[PDB]
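**Q** To be precise about what I am sending: the file is called input19.pdb and holds PDB, C-alpha atoms.
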```pdb
ATOM      1  CA  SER A   1     -21.892  67.770 -28.819  1.00  0.00           C
ATOM      2  CA  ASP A   2     -19.900  69.933 -26.399  1.00  0.00           C
ATOM      3  CA  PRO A   3     -22.151  72.980 -25.903  1.00  0.00           C
ATOM      4  CA  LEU A   4     -24.614  73.298 -23.051  1.00  0.00           C
ATOM      5  CA  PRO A   5     -28.121  74.457 -23.963  1.00  0.00           C
ATOM      6  CA  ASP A   6     -28.573  78.191 -24.438  1.00  0.00           C
ATOM      7  CA  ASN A   7     -28.379  80.223 -21.223  1.00  0.00           C
ATOM      8  CA  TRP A   8     -26.697  77.456 -19.222  1.00  0.00           C
ATOM      9  CA  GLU A   9     -23.311  77.453 -17.501  1.00  0.00           C
ATOM     10  CA  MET A  10     -21.266  74.857 -15.636  1.00  0.00           C
ATOM     11  CA  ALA A  11     -19.201  75.486 -12.527  1.00  0.00           C
ATOM     12  CA  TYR A  12     -17.297  73.725  -9.741  1.00  0.00           C
ATOM     13  CA  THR A  13     -17.578  73.409  -5.968  1.00  0.00           C
ATOM     14  CA  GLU A  14     -14.548  73.855  -3.717  1.00  0.00           C
ATOM     15  CA  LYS A  15     -14.304  70.061  -3.808  1.00  0.00           C
ATOM     16  CA  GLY A  16     -14.005  70.172  -7.591  1.00  0.00           C
ATOM     17  CA  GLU A  17     -17.506  68.800  -8.205  1.00  0.00           C
ATOM     18  CA  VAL A  18     -19.169  69.951 -11.416  1.00  0.00           C
ATOM     19  CA  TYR A  19     -22.703  71.323 -11.397  1.00  0.00           C
ATOM     20  CA  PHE A  20     -24.932  73.016 -13.918  1.00  0.00           C
ATOM     21  CA  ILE A  21     -26.488  76.467 -13.902  1.00  0.00           C
ATOM     22  CA  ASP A  22     -29.777  77.053 -15.688  1.00  0.00           C
ATOM     23  CA  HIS A  23     -30.327  80.793 -16.184  1.00  0.00           C
ATOM     24  CA  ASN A  24     -33.671  80.057 -17.865  1.00  0.00           C
ATOM     25  CA  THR A  25     -35.249  79.046 -14.573  1.00  0.00           C
ATOM     26  CA  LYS A  26     -32.671  80.487 -12.180  1.00  0.00           C
ATOM     27  CA  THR A  27     -31.823  77.053 -10.777  1.00  0.00           C
ATOM     28  CA  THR A  28     -28.817  74.766 -10.340  1.00  0.00           C
ATOM     29  CA  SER A  29     -28.589  70.974 -10.630  1.00  0.00           C
ATOM     30  CA  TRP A  30     -26.054  68.177 -10.392  1.00  0.00           C
ATOM     31  CA  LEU A  31     -27.494  66.762 -13.615  1.00  0.00           C
ATOM     32  CA  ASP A  32     -25.770  67.506 -16.920  1.00  0.00           C
ATOM     33  CA  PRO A  33     -28.675  68.407 -19.240  1.00  0.00           C
ATOM     34  CA  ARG A  34     -26.613  67.116 -22.175  1.00  0.00           C
ATOM     35  CA  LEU A  35     -26.702  63.644 -20.612  1.00  0.00           C
ATOM     36  CA  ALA A  36     -30.470  63.370 -19.969  1.00  0.00           C
ATOM     37  CA  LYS A  37     -31.999  60.022 -20.920  1.00  0.00           C
ATOM     38  CA  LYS A  38     -35.558  58.770 -21.358  1.00  0.00           C
ATOM     39  CA  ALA A  39     -37.469  58.251 -18.139  1.00  0.00           C
ATOM     40  CA  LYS A  40     -38.430  54.680 -17.258  1.00  0.00           C
ATOM     41  CA  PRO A  41     -40.787  53.403 -14.602  1.00  0.00           C
ATOM     42  CA  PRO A  42     -38.484  51.927 -11.959  1.00  0.00           C
ATOM     43  CA  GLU A  43     -40.095  48.491 -12.125  1.00  0.00           C
ATOM     44  CA  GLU A  44     -39.274  48.273 -15.839  1.00  0.00           C
ATOM     45  CA  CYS A  45     -35.516  48.484 -15.236  1.00  0.00           C
ATOM     46  CA  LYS A  46     -33.280  45.412 -15.172  1.00  0.00           C
ATOM     47  CA  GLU A  47     -31.939  44.087 -11.869  1.00  0.00           C
ATOM     48  CA  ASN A  48     -28.524  45.780 -12.012  1.00  0.00           C
ATOM     49  CA  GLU A  49     -29.757  48.938 -13.765  1.00  0.00           C
ATOM     50  CA  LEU A  50     -30.988  52.199 -12.253  1.00  0.00           C
ATOM     51  CA  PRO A  51     -33.411  54.583 -13.915  1.00  0.00           C
ATOM     52  CA  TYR A  52     -31.910  57.760 -15.311  1.00  0.00           C
ATOM     53  CA  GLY A  53     -31.305  60.376 -12.619  1.00  0.00           C
ATOM     54  CA  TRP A  54     -30.511  57.912  -9.840  1.00  0.00           C
ATOM     55  CA  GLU A  55     -27.152  57.418  -8.162  1.00  0.00           C
ATOM     56  CA  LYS A  56     -26.013  54.621  -5.846  1.00  0.00           C
ATOM     57  CA  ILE A  57     -23.846  55.879  -2.988  1.00  0.00           C
ATOM     58  CA  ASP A  58     -21.664  53.649  -0.856  1.00  0.00           C
ATOM     59  CA  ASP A  59     -20.954  55.636   2.287  1.00  0.00           C
ATOM     60  CA  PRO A  60     -18.179  54.269   4.549  1.00  0.00           C
ATOM     61  CA  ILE A  61     -20.027  55.512   7.638  1.00  0.00           C
ATOM     62  CA  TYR A  62     -23.689  55.491   6.596  1.00  0.00           C
ATOM     63  CA  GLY A  63     -23.695  52.533   4.220  1.00  0.00           C
ATOM     64  CA  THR A  64     -25.340  52.133   0.824  1.00  0.00           C
ATOM     65  CA  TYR A  65     -28.247  54.351  -0.211  1.00  0.00           C
ATOM     66  CA  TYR A  66     -29.852  55.721  -3.341  1.00  0.00           C
ATOM     67  CA  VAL A  67     -30.126  59.294  -4.543  1.00  0.00           C
ATOM     68  CA  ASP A  68     -32.758  60.577  -6.971  1.00  0.00           C
ATOM     69  CA  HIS A  69     -31.390  63.728  -8.594  1.00  0.00           C
ATOM     70  CA  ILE A  70     -34.585  64.460 -10.530  1.00  0.00           C
ATOM     71  CA  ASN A  71     -36.808  64.684  -7.454  1.00  0.00           C
ATOM     72  CA  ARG A  72     -33.979  65.321  -4.934  1.00  0.00           C
ATOM     73  CA  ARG A  73     -34.769  62.365  -2.674  1.00  0.00           C
ATOM     74  CA  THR A  74     -32.642  59.834  -0.817  1.00  0.00           C
ATOM     75  CA  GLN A  75     -33.701  56.366   0.316  1.00  0.00           C
ATOM     76  CA  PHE A  76     -32.250  53.113   1.596  1.00  0.00           C
ATOM     77  CA  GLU A  77     -34.099  50.728  -0.701  1.00  0.00           C
ATOM     78  CA  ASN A  78     -32.940  50.180  -4.262  1.00  0.00           C
ATOM     79  CA  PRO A  79     -35.747  51.937  -6.181  1.00  0.00           C
ATOM     80  CA  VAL A  80     -35.986  49.264  -8.888  1.00  0.00           C
ATOM     81  CA  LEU A  81     -36.185  46.505  -6.310  1.00  0.00           C
ATOM     82  CA  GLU A  82     -38.691  48.580  -4.344  1.00  0.00           C
ATOM     83  CA  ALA A  83     -40.990  49.086  -7.310  1.00  0.00           C
ATOM     84  CA  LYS A  84     -40.890  45.413  -8.273  1.00  0.00           C
ATOM     85  CA  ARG A  85     -41.512  44.453  -4.648  1.00  0.00           C
ATOM     86  CA  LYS A  86     -44.554  46.687  -4.210  1.00  0.00           C
ATOM     87  CA  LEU A  87     -46.083  45.644  -7.540  1.00  0.00           C
ATOM     88  CA  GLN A  88     -45.251  41.924  -7.181  1.00  0.00           C
TER      89      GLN A  88
ATOM     90  CA  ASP B   1     -34.342  56.597  10.594  1.00  0.00           C
ATOM     91  CA  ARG B   2     -33.313  58.028   7.250  1.00  0.00           C
ATOM     92  CA  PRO B   3     -30.271  58.127   4.923  1.00  0.00           C
ATOM     93  CA  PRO B   4     -28.139  61.261   4.537  1.00  0.00           C
ATOM     94  CA  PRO B   5     -30.360  64.082   3.278  1.00  0.00           C
ATOM     95  CA  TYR B   6     -30.117  65.244  -0.311  1.00  0.00           C
ATOM     96  CA  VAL B   7     -27.038  67.407  -0.800  1.00  0.00           C
ATOM     97  CA  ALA B   8     -27.885  70.160  -3.265  1.00  0.00           C
ATOM     98  CA  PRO B   9     -25.425  71.941  -5.562  1.00  0.00           C
ATOM     99  CA  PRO B  10     -24.533  75.560  -4.757  1.00  0.00           C
ATOM    100  CA  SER B  11     -27.570  77.854  -4.906  1.00  0.00           C
ATOM    101  CA  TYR B  12     -28.223  79.922  -8.038  1.00  0.00           C
ATOM    102  CA  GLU B  13     -26.289  83.206  -7.821  1.00  0.00           C
TER     103      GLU B  13
END
```
Starting from the file, give its structure as structure tokens.
**A**
Amino acid sequence: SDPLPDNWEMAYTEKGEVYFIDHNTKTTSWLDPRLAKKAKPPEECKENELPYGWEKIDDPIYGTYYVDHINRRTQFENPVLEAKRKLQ
Amino acid sequence: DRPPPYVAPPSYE
């Protein structure tokens, strides 16, 4: 399974970072559409697991935070821990 | 206070 979906391309930033180009909707995304996984409510994930689309970033200057590439959000709290906390 | 903002990929060309 190498090919991208029809009417997609992939390209690279000057920093060598891959991203994906969707000509169907005239948008770009960091997410590889070939790698999409089933959505899961955050509270239903295991302790050391993140839902699909999330990335943990450890910034030397700004510390740890979480990035949601589906909704394009960033937050300090681990989203799985947050969901469990608010529902607990 | 907030974390670094979302950094988007290059815009669609």
**Q** Give me the chain B side of the contact with chain A, cut-off 7 Å, one line per residue showing its nearest atom pair and distance in Å at one decimal, counting only C-alpha atoms, sorted by chain and residue number, as a tab-separated table.
**A**
```
residue	atom	partner	partner_atom	distance
B:3	CA	A:75	CA	6.0
B:5	CA	A:74	CA	6.3
B:6	CA	A:73	CA	6.0
B:9	CA	A:29	CA	6.1
B:11	CA	A:28	CA	6.4
B:12	CA	A:27	CA	5.4
```
**Q** Residues as selected, C-alpha atoms, written as a tab-separated table (two decimals), in the frame of the given file, can you do that?
**A**
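See part34.tsv below for the written result:
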```tsv
chain	number	residue	atom	x	y	z
B	3	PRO	CA	-30.27	58.13	4.92
B	5	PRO	CA	-30.36	64.08	3.28
B	6	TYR	CA	-30.12	65.24	-0.31
B	9	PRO	CA	-25.42	71.94	-5.56
B	11	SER	CA	-27.57	77.85	-4.91
B	12	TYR	CA	-28.22	79.92	-8.04
```
**Q** What is the atom CA of residue A:51-atom CA of residue A:39 distance in Å, reported with one decimal?
**A** 6.9 Å
**Q** Can you tell me how far atom CA of residue A:6 sits from atom CA of residue A:54, in Å to one decimal?
**A** 25.1 Å
**Q** Hey, can you check how far atom CA of residue A:78 sits from atom CA of residue A:56?
**A**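 Taking atom CA of residue A:78 as the start and atom CA of residue A:56 as the end point, the length is 8.4 Å.
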**Q** Name the residues that the PyMOL selection byres ((chain A and resi 35) around 12) pulls out of this structure, and write them as number ranges by chain.
**A** A: 1-5, 20, 30-34, 36-38, 52-53
**Q** Given 3 Å of margin on each side, can you work out the centre and size in Å (one decimal) of an axis-aligned box holding every listed atom of stretch 14-32 of chain A, as AutoDock Vina command-line options?
**A**
```
--center_x -24.6 --center_y 73.8 --center_z -10.8 --size_x 27.2 --size_y 20.0 --size_z 20.1
```
**Q** Of the candidates A:9, A:80, A:16, A:85, which one gets nearest to residue A:48 if we count only C-alpha atoms?
**A**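 Of A:9, A:80, A:16, A:85, the one nearest residue A:48 is A:80, counting only C-alpha atoms.
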**Q** Contacts of stretch 41-45 of chain A at 7 Å or less, counting all atoms listed in the file, minus same-chain residues fewer than 3 places along, as a PyMOL selection string?
**A** chain A and resi 49-51+79-80+83-84
